[PDB]
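A.B. asks: This is coords29.cif, which holds mmCIF, C-alpha atoms and all ligand atoms:
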```cif
data_protein
loop_
_atom_site.label_atom_id
_atom_site.label_comp_id
_atom_site.auth_asym_id
_atom_site.auth_seq_id
_atom_site.Cartn_x
_atom_site.Cartn_y
_atom_site.Cartn_z
CA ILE A 1 0.00 0.00 0.00
CA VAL A 2 1.43 3.38 -1.03
CA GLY A 3 0.30 6.46 0.90
CA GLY A 4 -1.90 4.62 3.39
CA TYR A 5 -1.87 4.30 7.17
CA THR A 6 -1.11 1.64 9.77
CA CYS A 7 -4.45 -0.18 10.25
CA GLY A 8 -3.86 -1.12 13.86
CA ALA A 9 -3.65 -4.69 15.15
CA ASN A 10 -6.56 -6.94 14.17
CA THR A 11 -8.79 -4.04 12.96
CA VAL A 12 -9.07 -5.88 9.59
CA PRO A 13 -9.93 -9.34 10.97
CA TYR A 14 -10.74 -10.88 7.60
CA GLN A 15 -7.32 -10.08 6.10
CA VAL A 16 -5.11 -13.11 5.52
CA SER A 17 -1.51 -13.56 4.40
CA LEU A 18 -0.67 -16.31 1.91
CA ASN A 19 2.65 -17.86 2.83
CA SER A 20 4.83 -20.12 0.71
CA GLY A 21 7.95 -19.82 2.87
CA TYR A 22 7.39 -16.01 2.72
CA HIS A 23 4.39 -13.70 2.37
CA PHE A 24 3.49 -13.37 -1.29
CA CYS A 25 -0.18 -12.33 -1.51
CA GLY A 26 -3.16 -11.36 0.54
CA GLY A 27 -6.59 -12.80 0.73
CA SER A 28 -9.96 -12.51 2.52
CA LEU A 29 -11.66 -14.99 4.91
CA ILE A 30 -15.26 -15.45 3.77
CA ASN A 31 -16.20 -18.22 6.21
CA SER A 32 -14.37 -20.51 8.63
CA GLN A 33 -13.06 -22.77 5.87
CA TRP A 34 -12.63 -20.57 2.79
CA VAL A 35 -10.46 -17.72 1.57
CA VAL A 36 -10.85 -15.63 -1.55
CA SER A 37 -7.75 -14.30 -3.32
CA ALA A 38 -6.52 -13.49 -6.84
CA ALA A 39 -5.95 -16.25 -9.36
CA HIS A 40 -2.60 -14.66 -10.25
CA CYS A 41 -1.53 -15.54 -6.68
CA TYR A 42 -1.90 -19.27 -7.34
CA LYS A 43 0.81 -21.59 -6.22
CA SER A 44 1.00 -25.04 -4.69
CA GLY A 45 1.88 -25.40 -1.02
CA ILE A 46 0.04 -22.39 0.40
CA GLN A 47 -0.22 -21.84 4.12
CA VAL A 48 -2.91 -19.36 5.14
CA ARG A 49 -2.03 -17.05 8.05
CA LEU A 50 -4.91 -15.49 9.94
CA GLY A 51 -4.99 -13.01 12.80
CA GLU A 52 -1.79 -11.36 11.59
CA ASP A 53 -0.58 -7.88 12.18
CA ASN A 54 3.21 -8.06 12.12
CA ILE A 55 3.90 -10.84 9.60
CA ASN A 56 7.49 -11.26 10.92
CA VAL A 57 6.72 -11.68 14.65
CA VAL A 58 4.46 -14.18 16.42
CA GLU A 59 2.18 -11.93 18.51
CA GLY A 60 -0.09 -14.68 19.87
CA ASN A 61 -3.36 -14.23 17.95
CA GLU A 62 -2.33 -16.01 14.76
CA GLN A 63 -3.74 -19.18 13.26
CA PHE A 64 -1.58 -20.87 10.60
CA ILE A 65 -3.56 -23.33 8.50
CA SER A 66 -2.49 -25.23 5.38
CA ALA A 67 -4.61 -25.11 2.25
CA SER A 68 -6.21 -28.38 1.22
CA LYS A 69 -7.29 -27.23 -2.23
CA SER A 70 -7.16 -24.21 -4.50
CA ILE A 71 -9.75 -23.48 -7.14
CA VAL A 72 -8.90 -20.95 -9.81
CA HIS A 73 -11.82 -19.37 -11.67
CA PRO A 74 -12.55 -21.50 -14.76
CA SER A 75 -12.33 -18.50 -17.12
CA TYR A 76 -9.20 -16.91 -15.61
CA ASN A 77 -6.98 -15.44 -18.33
CA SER A 78 -3.44 -14.82 -17.06
CA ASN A 79 -2.70 -12.54 -20.06
CA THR A 80 -5.54 -10.04 -19.49
CA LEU A 81 -6.20 -10.80 -15.76
CA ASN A 82 -9.88 -11.21 -16.62
CA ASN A 83 -11.58 -13.32 -13.89
CA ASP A 84 -8.67 -12.86 -11.47
CA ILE A 85 -10.21 -14.76 -8.55
CA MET A 86 -9.41 -17.99 -6.71
CA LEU A 87 -10.85 -19.86 -3.75
CA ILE A 88 -8.67 -21.58 -1.18
CA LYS A 89 -10.04 -24.17 1.19
CA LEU A 90 -8.37 -24.57 4.56
CA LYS A 91 -7.45 -28.07 5.82
CA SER A 92 -9.28 -27.29 9.08
CA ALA A 93 -11.76 -24.61 10.12
CA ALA A 94 -10.47 -21.36 11.57
CA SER A 95 -11.62 -20.30 15.06
CA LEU A 96 -13.58 -17.09 14.57
CA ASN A 97 -13.15 -14.47 17.32
CA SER A 98 -12.69 -10.68 17.48
CA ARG A 99 -9.25 -10.94 15.79
CA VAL A 100 -10.23 -13.48 13.12
CA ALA A 101 -13.58 -12.94 11.46
CA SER A 102 -15.18 -13.46 8.04
CA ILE A 103 -16.24 -10.74 5.61
CA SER A 104 -19.61 -10.85 3.88
CA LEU A 105 -20.02 -11.26 0.14
CA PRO A 106 -22.04 -8.56 -1.70
CA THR A 107 -25.65 -9.03 -2.81
CA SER A 108 -25.23 -5.93 -4.90
CA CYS A 109 -22.42 -4.18 -6.81
CA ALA A 110 -20.94 -1.06 -5.28
CA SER A 111 -21.50 2.45 -6.73
CA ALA A 112 -19.02 4.92 -8.21
CA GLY A 113 -17.86 7.33 -5.50
CA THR A 114 -18.19 4.73 -2.70
CA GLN A 115 -15.23 4.87 -0.34
CA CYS A 116 -13.61 1.48 0.20
CA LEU A 117 -10.93 0.08 2.49
CA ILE A 118 -7.98 -1.68 0.87
CA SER A 119 -5.37 -3.42 2.98
CA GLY A 120 -2.21 -5.46 2.85
CA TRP A 121 1.50 -5.97 3.39
CA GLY A 122 2.69 -4.88 -0.04
CA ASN A 123 5.28 -2.33 -1.13
CA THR A 124 4.83 1.13 0.36
CA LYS A 125 6.85 3.10 -2.29
CA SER A 126 5.86 4.20 -5.85
CA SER A 127 9.55 4.21 -6.78
CA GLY A 128 11.90 1.85 -4.95
CA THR A 129 11.13 -0.95 -2.53
CA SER A 130 10.10 -0.90 1.11
CA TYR A 131 7.96 -3.66 2.57
CA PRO A 132 6.20 -3.09 5.91
CA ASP A 133 5.95 -5.68 8.58
CA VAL A 134 2.58 -4.44 9.88
CA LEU A 135 -0.70 -4.26 7.99
CA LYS A 136 -1.36 -1.06 6.03
CA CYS A 137 -4.73 0.38 5.02
CA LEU A 138 -5.94 2.84 2.44
CA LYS A 139 -9.31 4.44 1.86
CA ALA A 140 -10.05 4.92 -1.78
CA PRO A 141 -13.12 5.68 -3.87
CA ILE A 142 -14.45 3.59 -6.69
CA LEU A 143 -13.97 5.44 -9.97
CA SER A 144 -16.56 5.79 -12.72
CA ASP A 145 -16.28 3.17 -15.43
CA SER A 146 -15.59 5.88 -17.99
CA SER A 147 -12.57 7.25 -16.06
CA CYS A 148 -11.41 3.63 -15.57
CA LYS A 149 -11.63 2.79 -19.31
CA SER A 150 -9.95 6.13 -20.10
CA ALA A 151 -7.00 5.25 -17.86
CA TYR A 152 -6.48 1.78 -19.38
CA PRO A 153 -7.85 1.89 -22.91
CA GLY A 154 -8.82 -1.50 -24.26
CA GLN A 155 -7.88 -3.34 -21.02
CA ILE A 156 -10.88 -3.00 -18.69
CA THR A 157 -13.50 -5.75 -18.79
CA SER A 158 -16.89 -5.83 -17.07
CA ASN A 159 -15.24 -7.98 -14.38
CA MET A 160 -12.92 -5.17 -13.28
CA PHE A 161 -13.28 -1.78 -11.62
CA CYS A 162 -10.91 1.05 -10.78
CA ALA A 163 -10.47 2.54 -7.32
CA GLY A 164 -7.98 5.14 -6.26
CA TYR A 165 -6.81 8.63 -7.09
CA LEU A 166 -6.09 9.89 -10.60
CA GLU A 167 -3.69 12.45 -9.09
CA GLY A 168 -1.63 9.41 -7.95
CA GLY A 169 0.21 9.07 -4.63
CA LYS A 170 -2.18 6.58 -3.00
CA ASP A 171 -2.64 3.01 -4.26
CA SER A 172 -2.28 -0.69 -3.63
CA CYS A 173 0.95 -2.27 -4.90
CA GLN A 174 2.97 -5.47 -5.39
CA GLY A 175 2.41 -7.81 -2.43
CA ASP A 176 -1.11 -6.45 -1.80
CA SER A 177 -2.38 -8.71 -4.64
CA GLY A 178 -5.26 -10.97 -3.66
CA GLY A 179 -6.21 -8.72 -0.75
CA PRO A 180 -9.59 -7.19 0.10
CA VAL A 181 -11.39 -4.15 -1.11
CA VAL A 182 -14.25 -3.69 1.37
CA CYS A 183 -17.03 -1.22 0.72
CA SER A 184 -19.98 -0.70 3.01
CA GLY A 185 -18.91 -3.79 5.03
CA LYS A 186 -18.93 -6.18 2.02
CA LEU A 187 -16.12 -7.62 -0.05
CA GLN A 188 -16.43 -5.80 -3.35
CA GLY A 189 -13.00 -6.21 -4.86
CA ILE A 190 -9.78 -8.16 -4.97
CA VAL A 191 -6.43 -6.42 -5.48
CA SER A 192 -5.59 -7.43 -9.09
CA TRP A 193 -3.34 -5.13 -11.16
CA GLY A 194 -2.33 -1.65 -12.22
CA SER A 195 0.46 0.11 -14.12
CA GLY A 196 3.11 0.62 -11.48
CA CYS A 197 1.82 1.90 -8.14
CA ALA A 198 0.43 5.30 -7.24
CA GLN A 199 1.22 6.73 -10.70
CA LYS A 200 -0.78 9.69 -12.03
CA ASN A 201 -3.73 8.60 -14.25
CA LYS A 202 -3.07 4.92 -13.45
CA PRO A 203 -5.43 3.87 -10.62
CA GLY A 204 -5.59 0.35 -9.17
CA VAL A 205 -7.69 -2.25 -10.98
CA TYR A 206 -9.73 -4.72 -8.91
CA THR A 207 -11.63 -7.89 -9.58
CA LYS A 208 -15.37 -7.15 -9.32
CA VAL A 209 -16.48 -9.71 -6.73
CA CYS A 210 -20.22 -9.08 -7.16
CA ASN A 211 -19.95 -10.83 -10.58
CA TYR A 212 -18.71 -14.05 -8.90
CA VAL A 213 -21.03 -14.59 -6.03
CA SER A 214 -22.97 -17.41 -7.73
CA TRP A 215 -19.77 -19.28 -8.61
CA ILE A 216 -18.39 -18.84 -5.10
CA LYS A 217 -21.56 -20.07 -3.41
CA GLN A 218 -21.94 -23.06 -5.72
CA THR A 219 -18.27 -24.00 -5.33
CA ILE A 220 -18.28 -23.84 -1.51
CA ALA A 221 -21.42 -25.95 -1.37
CA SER A 222 -19.77 -28.82 -3.28
CA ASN A 223 -16.17 -28.80 -2.05
CA CA B 1 2.43 -12.12 13.50
#
```
Now that the file is in, can you turn its structure into structure tokens?
C.D. replies:
Amino acid sequence: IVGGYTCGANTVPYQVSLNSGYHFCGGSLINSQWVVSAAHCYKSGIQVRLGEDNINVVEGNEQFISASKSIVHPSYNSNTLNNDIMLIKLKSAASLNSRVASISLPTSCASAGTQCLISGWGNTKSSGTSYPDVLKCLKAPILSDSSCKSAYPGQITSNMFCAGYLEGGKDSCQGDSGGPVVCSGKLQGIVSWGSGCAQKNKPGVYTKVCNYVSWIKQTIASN
């Protein structure tokens, strides 16, 4: 996250870290056994870390749970990042408490101008590299589809939206991928892509979760 703030310990209780020997992507806990992330975060041998604030220190609230299966969206296109969404099932159920809690899926798509909360452990610089150990947060509005398509001509599908600041300076970034965009207390987006981080006229692009709710519900009910 570039230009954001320190969330504060366990104030984003649905945020997870995906760990393959190191943190590599974020995700969101949607119930006690399932995490949503980005398909471009796929790898084998994922461990899901819940209840994290400082990813480099054991603080006492964490639950570390191996993934039993990963399900990438059947229409995911790694070239265009269309349908950049994946489900991860945990080998055993998480214990839900005040520090580890699920986020609701949307019944409805969010509106342009809605302020959302984006979070993660990704790079905090627009130029250069500095990774935080504690969870960072950013509030950002959803942009109109026309300003989104203007920013990334020919690259925005109906399964994507833009959120951020056309002036630049504030954005998600590498390492935030897979993480939550929460608007009005529902998961509306997944950190997906963008051109650099926090660049002028290049806002963040997010998977539009409201398009996937049927697939998520059907998949969880059969796996
Ligand atoms: Ca920790």
A.B. asks: Using atom CA of residue A:169 and atom CA of residue A:211 as the two end points, give the distance in Å to one decimal.
C.D. replies: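 Computing it gives 28.9 Å between the two atoms.
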A.B. asks: Step by step: start from the point (-24.8, -5.2, -5.3) in the file's coordinates, keep every protein, DNA or RNA residue that has an atom no farther than 10 Å from it, count only C-alpha atoms, and write the set as number ranges by chain.
C.D. replies: A: 105-111, 186, 188, 209-211
A.B. asks: For the selection you just gave me, I'd like the residues written to a file as a PDB file, in the coordinates of the input, keeping C-alpha atoms.
C.D. replies:
```
ATOM      1  CA  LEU A 105     -20.020 -11.260   0.140  1.00  0.00           C
ATOM      2  CA  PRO A 106     -22.040  -8.560  -1.700  1.00  0.00           C
ATOM      3  CA  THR A 107     -25.650  -9.030  -2.810  1.00  0.00           C
ATOM      4  CA  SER A 108     -25.230  -5.930  -4.900  1.00  0.00           C
ATOM      5  CA  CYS A 109     -22.420  -4.180  -6.810  1.00  0.00           C
ATOM      6  CA  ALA A 110     -20.940  -1.060  -5.280  1.00  0.00           C
ATOM      7  CA  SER A 111     -21.500   2.450  -6.730  1.00  0.00           C
ATOM      8  CA  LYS A 186     -18.930  -6.180   2.020  1.00  0.00           C
ATOM      9  CA  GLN A 188     -16.430  -5.800  -3.350  1.00  0.00           C
ATOM     10  CA  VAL A 209     -16.480  -9.710  -6.730  1.00  0.00           C
ATOM     11  CA  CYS A 210     -20.220  -9.080  -7.160  1.00  0.00           C
ATOM     12  CA  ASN A 211     -19.950 -10.830 -10.580  1.00  0.00           C
TER      13      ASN A 211
END
```
A.B. asks: Given a cut-off of 12 Å, what residues near ligand CA 1 (chain B) show up using only C-alpha atoms and all ligand atoms, put as a list in words?
C.D. replies: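 Result of the 12 Å neighbour search around ligand CA 1 (chain B): residues 9, 10, 16, 17, 23, 49, 50, 51, 52, 53, 54, 55, 56, 57, 58, 59, 60, 61, 62, 63, 64, 99, 121, 133, 134 and 135 of chain A.
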A.B. asks: Counting all atoms listed in the file, which residue out of A:80, A:171, A:214, A:46 sits closest to residue A:126?
C.D. replies: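 Distance minimum relative to residue A:126 lands on A:171.
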A.B. asks: What is the distance between atom CA of residue A:66 and atom CA of residue A:27, in Å to one decimal?
C.D. replies: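 According to the coordinates, atom CA of residue A:66 and atom CA of residue A:27 are separated by 13.9 Å.
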A.B. asks: So what do you get for atom CA of residue A:170 versus atom CA of residue A:87, distance-wise?
C.D. replies: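 Between atom CA of residue A:170 and atom CA of residue A:87 the gap works out to 27.8 Å.
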A.B. asks: Residues within 8 Å of (-6.2, -15.5, -5.5), file coordinates, counting only C-alpha atoms: what are they? Give the list as a PDB file with C-alpha atoms, in the coordinates of the input.
C.D. replies:
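Just written: out-v3.pdb:
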```pdb
ATOM      1  CA  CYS A  25      -0.180 -12.330  -1.510  1.00  0.00           C
ATOM      2  CA  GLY A  26      -3.160 -11.360   0.540  1.00  0.00           C
ATOM      3  CA  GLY A  27      -6.590 -12.800   0.730  1.00  0.00           C
ATOM      4  CA  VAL A  36     -10.850 -15.630  -1.550  1.00  0.00           C
ATOM      5  CA  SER A  37      -7.750 -14.300  -3.320  1.00  0.00           C
ATOM      6  CA  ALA A  38      -6.520 -13.490  -6.840  1.00  0.00           C
ATOM      7  CA  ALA A  39      -5.950 -16.250  -9.360  1.00  0.00           C
ATOM      8  CA  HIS A  40      -2.600 -14.660 -10.250  1.00  0.00           C
ATOM      9  CA  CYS A  41      -1.530 -15.540  -6.680  1.00  0.00           C
ATOM     10  CA  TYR A  42      -1.900 -19.270  -7.340  1.00  0.00           C
ATOM     11  CA  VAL A  72      -8.900 -20.950  -9.810  1.00  0.00           C
ATOM     12  CA  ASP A  84      -8.670 -12.860 -11.470  1.00  0.00           C
ATOM     13  CA  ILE A  85     -10.210 -14.760  -8.550  1.00  0.00           C
ATOM     14  CA  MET A  86      -9.410 -17.990  -6.710  1.00  0.00           C
ATOM     15  CA  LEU A  87     -10.850 -19.860  -3.750  1.00  0.00           C
ATOM     16  CA  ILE A  88      -8.670 -21.580  -1.180  1.00  0.00           C
ATOM     17  CA  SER A 177      -2.380  -8.710  -4.640  1.00  0.00           C
ATOM     18  CA  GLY A 178      -5.260 -10.970  -3.660  1.00  0.00           C
TER      19      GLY A 178
END
```
A.B. asks: Find the residues around residue A:174 up to 6 Å (all atoms listed in the file counted), leave out those fewer than 2 positions away in its own chain, and share them as a compact mmCIF listing (two decimals) with C-alpha atoms, in the coordinates of the input.
C.D. replies:
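Dumped to around_20.txt:
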```
# COMPACT_ATOMS: atom_id res chain seq x y z
CA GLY A 122 2.69 -4.88 -0.04
CA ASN A 123 5.28 -2.33 -1.13
CA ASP A 176 -1.11 -6.45 -1.80
```
A.B. asks: Pick from A:128, A:154, A:196, A:141: nearest to residue A:181, with only C-alpha atoms counted?
C.D. replies: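 Of the candidates, the smallest distance to residue A:181 is held by A:141.
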